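Trainee: Once you've seen the sequence and the experimental structure below, I've got questions.
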Amino acid sequence: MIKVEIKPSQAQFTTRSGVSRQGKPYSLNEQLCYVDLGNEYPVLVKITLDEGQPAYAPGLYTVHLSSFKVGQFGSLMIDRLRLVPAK
């Protein structure tokens with residue numbers, strides 16, 4: 001479990017439907033690169049939704065280390081480029 005600090009500056013959240021788009025069944029809601037853990041201020045870490053997750057909480061959120069399928073995919077890639085767990 002890792003923590004992120006998705007600031008409200010770009011914390012837009014659009015509820016995703018079952019099928020928002022034939023290509024992408026769920027809408028994307030990415031914010032910025034923020035993590036509550038690192039050298040000091042939010043390090044550069046995005047909680048890439050990757051349509052596998054919705055936007056959650058503005059300001060502060062947590063990007064699970066297991067914020068991706070492990071073993072089932074083998075990679076934390078499912079929709080697009082994803083960042084490894086912050087630490």
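Mentor: Yep, that arrived. Numbering: from 1, shown residues only.
Trainee: residue contacts, the residue of the chain positioned farthest from its centre?
Mentor: The outermost residue of the chain relative to its centre, with distances by C-alpha atoms, centre = their mean, is residue 22 at 21.4 Å. By C-beta atoms under 8 Å, 6 or more residues apart in numbering, the contact list for residue 22 is empty. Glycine gets a C-beta too; all of them are placed from N, C-alpha and C.
Trainee: What separation do you get for the residue nearest to residue 81 when sequence neighbours are not counted and residue 40?
Mentor: Closest residue in space to residue 81, ignoring its immediate chain neighbours: residue 48 at 7.1 Å, by C-beta to C-beta, 6 or more residues apart in numbering. According to C-beta to C-beta, to the nearest Å, residue 48 and residue 40 sit 23 Å apart.
Trainee: And the two? Which one has more around it.
Mentor: Neighbours were counted for residue 48 and for residue 40 using other C-beta atoms under 10 Å; residue 48 has more, 23 against 6.
Trainee: what's near enough to touch residue 24?
Mentor: When contacts are counted by C-beta under 8 Å, 6+ apart, residue 24 touches 51, 79.
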